[PDB]
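S.K.: Have a look at this one.
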Amino acid sequence: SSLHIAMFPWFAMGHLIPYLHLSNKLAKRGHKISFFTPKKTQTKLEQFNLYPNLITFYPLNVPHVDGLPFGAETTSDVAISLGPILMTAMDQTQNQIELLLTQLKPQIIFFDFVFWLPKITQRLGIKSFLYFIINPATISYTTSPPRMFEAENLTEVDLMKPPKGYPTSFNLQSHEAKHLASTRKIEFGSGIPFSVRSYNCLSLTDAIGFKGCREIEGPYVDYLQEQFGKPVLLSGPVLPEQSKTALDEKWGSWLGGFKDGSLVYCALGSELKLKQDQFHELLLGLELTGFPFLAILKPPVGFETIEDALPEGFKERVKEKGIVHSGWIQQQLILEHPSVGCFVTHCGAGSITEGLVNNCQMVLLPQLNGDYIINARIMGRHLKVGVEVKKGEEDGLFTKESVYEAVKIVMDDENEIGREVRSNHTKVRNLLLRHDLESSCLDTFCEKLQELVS
Ligand SMILES: O=c1c(O[C@@H]2OC[C@H](O)[C@H](O)[C@H]2O)c(-c2ccc(O)c(O)c2)oc2cc(O)cc(O)c12
Ligand SMILES: O=c1ccn([C@@H]2O[C@H](COP(=O)(O)OP(=O)(O)O)[C@@H](O)[C@H]2O)c(=O)[nH]1
């Protein structure tokens with residue numbers, strides 16, 4: 001029988017988009033989806049609703065919290081340092097969420113971050129499903145019980161090694177362990193420290209799920225199920241669905257002028273802004289390659305236009321071979337264009353999937369975020385599908401030569417490291433796109449959801 005599922009993702013495009021990709025896959029199997037979205041953001045999400053008779057959007061009014069920019073609805077509307085205030089605002093939708101659940105009466109609600117929800121749903125007879133689109137390797141490393149019981153005795157050197165029982169090995173740099181040790185304590189909404197919030201969600205929810213498949217994410221889901229003693233499900237890799245909007249003719253024509261496989265596409269997601277010096281180093285490193293490039297970047301910290309922050313003489317030298325562009329673009333459609341030979345990525349989980357299912361060589365430029373860093377280590381060292389740009393051990397900074405070097409390695413047909421990462425990326429793409437991989441993941445996923453509501 002068909003399920004009624006409500007979707008309540010975090011107010012971020014990197015959560016909204018994969019929740020909607022999965023919503024379409026569930027609706028294709030006959031399930032009814034009630035999709036909760038910030039009100040103004042709904043207009044930008046309609047292009048991804050392939051089953052409007054089964055997927056209905058329900059608008060949320062994102063309430064004011066002191067400090068929140070006016071009208072802001074997602075992390076693409078605020079600086080990263082303002083994220084905790086946007087999470088207080090999500091916490092404050094509780095009244096309109098409880099009204100929606102009593103009127104719509106779903107059997108299950110998928111959610112991010114709001115650890116007060118499982119108390120409401122248990123009262124209403126609804127099953128709570130904490131659904132992550134980040135890597136279970138990340139949650140396992142930072143938010144498993146052994147990490148939480150050290151409380152404030154958890155140090156940078158503690159975070160240099162994995163928690164007890166962790167299923168794999170990789171190395172963090174000093175500045176990365178420092179980042180994790182400090183940021184985990186910082187309040188993220190309504191006075192709740194960041195890792196405490198996610199631990200509360202894991203502890204109180206009825207069940208847990210992640211984007212991913214057994215072949216890659218399996219060992220981390222098994223570890224988390226052992227630790228938290230409740231079902232931890234896999235949705236499948238959430239392969240991107242096709243939009244109802246074709247590729248903007250402006251980009252289609254410009255991209256079409258380049259030889260197949262010759263262009264370097266660089267994008268660091270929709271949330272972050274580089275500092276000026278690393279913005280300069282990144283763009284000068286792309287220029288040094290001599291390849292055409294498209295860099296989708298916000299103006300660096302302190303600056304309001306790309307043009308004002310470009311290194312001196314950059315546009316005059318680069319001419320028509322390179323564009324640096326600040327607006328939202330159709331990334332998934334650009335990554336499918338045959339001109340693209342290389343993807344320089346911040347290692348967001350959504351961007352990683354979009355690169356893996358395409359042909360582009362992967363250059364890993366993780367920004368300072370636990371999931372980006374752990375994704376970069378798994379992609380660079382475990383799957384070995386990409387080359388990571390070297391950062392200073394203590395300062396976290398890269399040179400333009402290190403950017404140049406990584407792109408040159410993967411783009412050089414005669415470079416054996418480049419051939420190896422191409423060959424490994426091909427193996428991973430063939431797995432993810434295998435004719436029965438995603439469908440059998442979803443088969444299991446839906447059986448376990450049916451068990452959950454029985
Ligand atoms: O990047 C992280 C992340 O997602 C990001 O968290 C930070 C910002 O809010 C981003 O928009 C969001 O995508 C989340 C997260 C996502 C969804 C949830 O339901 C949840 O409980 C936690 O946990 C993390 C835990 C870490 O130890 C390290 C991380 O790096 C993240
Ligand atoms: O200009 C942009 C920037 C991002 N994206 C999409 O936004 C999502 C970003 O999610 P990810 O986890 O990669 O990064 P984030 O933006 O959350 O840091 C992916 O689906 C990208 O294809 C897009 O379409 N256009």
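Chain lettering (A, B, ...) mirrors the order of the structure tokens, residue numbering begins at 1 for each chain separately, and ligand numbering begins at 1 in order of display.
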May I have the residues within 9 Å of residue A:10 as a list in words, using only C-alpha atoms and disregarding those fewer than 5 positions away in the same chain?

M.R.: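 Residues near the query, excluding close chain neighbours: residues 15, 16, 74, 87, 90, 111, 112, 113 and 114 of chain A.
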
S.K.: For the residues in the current selection, export C-alpha atoms as an mmCIF file, in the first residue's frame.

M.R.:
```cif
data_model
loop_
_atom_site.group_PDB
_atom_site.id
_atom_site.type_symbol
_atom_site.label_atom_id
_atom_site.label_comp_id
_atom_site.auth_asym_id
_atom_site.auth_seq_id
_atom_site.Cartn_x
_atom_site.Cartn_y
_atom_site.Cartn_z
ATOM 1 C CA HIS A 15 18.925 19.783 1.398
ATOM 2 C CA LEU A 16 15.817 20.893 -0.514
ATOM 3 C CA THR A 74 17.579 29.668 3.083
ATOM 4 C CA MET A 87 18.159 27.547 12.623
ATOM 5 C CA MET A 90 13.359 26.854 11.803
ATOM 6 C CA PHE A 111 13.280 15.862 8.813
ATOM 7 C CA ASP A 112 16.575 17.679 9.461
ATOM 8 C CA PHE A 113 17.848 19.204 12.715
ATOM 9 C CA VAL A 114 14.575 19.778 14.667
#
```

S.K.: Please identify every polymer residue within 10 Å of ligand 2, using only C-alpha atoms and all ligand atoms, and present the set as an MDAnalysis selection string.

M.R.: chainID A and resid 12:18 21 75:76 133:134 240 267:272 296:298 325:335 345:355 367 369 371:372

S.K.: Can you work out which one of A:177, A:294, A:409, A:85 has the shortest atom-to-atom distance to residue A:63, counting only C-alpha atoms?

M.R.: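 Going through A:177, A:294, A:409, A:85 one by one, the smallest distance to residue A:63 is for A:85.
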
S.K.: Can you pull out the residues contacting stretch 204-213 of chain A? Cut-off 7 Å, using only C-alpha atoms, and skip same-chain residues under 6 positions away; I want them as a ChimeraX atom specification.

M.R.: /A:118,127-133,136,230-238,441

S.K.: What gap, in Å, lies between atom CA of residue A:223 and atom 24 (C, counted along the ligand's line) of ligand 1?

M.R.: 16.8 Å

S.K.: Using only C-alpha atoms and all ligand atoms, which residue out of A:46, A:152, A:187, A:277 lies closest to ligand 1?

M.R.: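 Of the candidates, the smallest distance to ligand 1 is held by A:187.
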
S.K.: Nearest residue to ligand 1 out of A:92, A:424, A:183, A:41, using only C-alpha atoms and all ligand atoms?

M.R.: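 Checking each of A:92, A:424, A:183, A:41 against ligand 1, counting only C-alpha atoms and all ligand atoms, the winner is A:183.
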
S.K.: How far is it from atom CA of residue A:143 to atom CA of residue A:108, in Å with one decimal?

M.R.: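 Between atom CA of residue A:143 and atom CA of residue A:108 the gap is 24.0 Å.
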
S.K.: Taking only C-alpha atoms and all ligand atoms into account, which of A:366, A:252, A:218, A:302 comes nearest ligand 1?

M.R.: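 Looking at the shortest contact to ligand 1, the residue is A:366.
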
S.K.: Applying 6 Å and only C-alpha atoms, which residues near residue A:35 remain after dropping the ones on its own chain fewer than 2 positions away? List them as a PDB file with N, CA, C and O atoms, in the first residue's frame.

M.R.:
```
ATOM      1  N   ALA A   6       5.568  13.141   4.840  1.00  0.00           N
ATOM      2  CA  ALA A   6       5.827  14.567   4.842  1.00  0.00           C
ATOM      3  C   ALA A   6       7.331  14.778   4.806  1.00  0.00           C
ATOM      4  O   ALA A   6       8.090  13.979   5.362  1.00  0.00           O
ATOM      5  N   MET A   7       7.754  15.859   4.151  1.00  0.00           N
ATOM      6  CA  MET A   7       9.170  16.171   4.008  1.00  0.00           C
ATOM      7  C   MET A   7       9.431  17.520   4.663  1.00  0.00           C
ATOM      8  O   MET A   7       8.796  18.515   4.303  1.00  0.00           O
ATOM      9  N   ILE A  33       3.340  12.642  -1.211  1.00  0.00           N
ATOM     10  CA  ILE A  33       4.358  13.439  -0.532  1.00  0.00           C
ATOM     11  C   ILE A  33       3.776  14.805  -0.197  1.00  0.00           C
ATOM     12  O   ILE A  33       3.293  15.507  -1.088  1.00  0.00           O
ATOM     13  N   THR A  56       2.654  17.635  -3.170  1.00  0.00           N
ATOM     14  CA  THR A  56       2.099  18.962  -2.925  1.00  0.00           C
ATOM     15  C   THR A  56       3.041  19.753  -2.028  1.00  0.00           C
ATOM     16  O   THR A  56       3.425  19.267  -0.963  1.00  0.00           O
ATOM     17  N   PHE A  57       3.342  20.996  -2.417  1.00  0.00           N
ATOM     18  CA  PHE A  57       4.103  21.899  -1.562  1.00  0.00           C
ATOM     19  C   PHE A  57       3.194  22.584  -0.541  1.00  0.00           C
ATOM     20  O   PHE A  57       2.077  23.016  -0.864  1.00  0.00           O
ATOM     21  N   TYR A  58       3.682  22.694   0.692  1.00  0.00           N
ATOM     22  CA  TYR A  58       3.006  23.448   1.749  1.00  0.00           C
ATOM     23  C   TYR A  58       3.952  24.526   2.257  1.00  0.00           C
ATOM     24  O   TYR A  58       5.033  24.196   2.776  1.00  0.00           O
TER      25      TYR A  58
END
```

S.K.: Enumerate, as number ranges by chain, the complete set of residues in stretch 32-280 of chain A that a backbone-based DSSP assignment places in strand (DSSP E).

M.R.: A: 32-38, 55-60, 108-111, 127-132, 207-210, 232-234, 263-267

S.K.: Please compute the atom CA of residue A:415-atom CA of residue A:386 distance, one decimal, in Å.

M.R.: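 Atom-to-atom, atom CA of residue A:415 and atom CA of residue A:386 are spaced 13.4 Å apart.
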
S.K.: Closest to ligand 1 among A:284, A:201, A:137, A:356, using only C-alpha atoms and all ligand atoms?

M.R.: A:201

S.K.: Between A:26, A:104, A:124, A:181, which one has atoms that come closest to ligand 1, using only C-alpha atoms and all ligand atoms?

M.R.: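 Ranking A:26, A:104, A:124, A:181 by distance to ligand 1, first place goes to A:181.
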
S.K.: Which polymer residues have any atom within 10 Å of an atom of stretch 392-395 of chain A, counting only C-alpha atoms, with same-chain residues fewer than 3 positions away left out, as a list in words?

M.R.: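 Once the adjacent positions are removed, what remains is residues 172, 173, 174, 175, 176, 178, 398 and 399 of chain A.
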
S.K.: Please produce a file of the residues just selected, as a PDB file, in the first residue's frame, where the atoms kept are N, CA and C atoms.

M.R.:
```pdb
ATOM      1  N   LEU A 172      43.180  13.410   9.058  1.00  0.00           N
ATOM      2  CA  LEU A 172      42.841  14.819   9.031  1.00  0.00           C
ATOM      3  C   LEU A 172      44.115  15.614   9.250  1.00  0.00           C
ATOM      4  N   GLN A 173      44.123  16.841   8.751  1.00  0.00           N
ATOM      5  CA  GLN A 173      45.189  17.788   9.034  1.00  0.00           C
ATOM      6  C   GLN A 173      44.891  18.522  10.338  1.00  0.00           C
ATOM      7  N   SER A 174      45.948  19.070  10.962  1.00  0.00           N
ATOM      8  CA  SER A 174      45.765  19.784  12.232  1.00  0.00           C
ATOM      9  C   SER A 174      44.655  20.834  12.169  1.00  0.00           C
ATOM     10  N   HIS A 175      44.662  21.703  11.147  1.00  0.00           N
ATOM     11  CA  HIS A 175      43.661  22.769  11.117  1.00  0.00           C
ATOM     12  C   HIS A 175      42.244  22.215  10.954  1.00  0.00           C
ATOM     13  N   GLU A 176      42.102  21.030  10.371  1.00  0.00           N
ATOM     14  CA  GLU A 176      40.780  20.425  10.223  1.00  0.00           C
ATOM     15  C   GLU A 176      40.271  19.895  11.556  1.00  0.00           C
ATOM     16  N   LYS A 178      41.190  21.058  14.413  1.00  0.00           N
ATOM     17  CA  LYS A 178      40.900  22.262  15.197  1.00  0.00           C
ATOM     18  C   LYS A 178      39.521  22.806  14.870  1.00  0.00           C
ATOM     19  N   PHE A 398      45.768  27.187   0.378  1.00  0.00           N
ATOM     20  CA  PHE A 398      46.404  26.591  -0.791  1.00  0.00           C
ATOM     21  C   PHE A 398      47.067  27.679  -1.631  1.00  0.00           C
ATOM     22  N   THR A 399      48.026  27.259  -2.447  1.00  0.00           N
ATOM     23  CA  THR A 399      48.693  28.116  -3.419  1.00  0.00           C
ATOM     24  C   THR A 399      48.051  27.944  -4.786  1.00  0.00           C
TER      25      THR A 399
END
```

S.K.: What's the 9 Å shell around residue A:308, counting only C-alpha atoms, without same-chain residues fewer than 4 positions away, as a count of residues only?

M.R.: 3

S.K.: Residues within 9 Å of residue A:382, please, as a PyMOL selection string. Count only C-alpha atoms; anything in the same chain fewer than 4 positions from it doesn't count.

M.R.: chain A and resi 170+377-378

S.K.: Residues of stretch 104-162 of chain A in alpha helix (DSSP H) according to DSSP, as a list in words?

M.R.: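 These are the residues in question: residues 104, 117, 118, 119, 120, 121, 122, 123, 124, 136, 137, 138, 139, 140, 141, 142, 143, 145, 146, 147, 148 and 149 of chain A.
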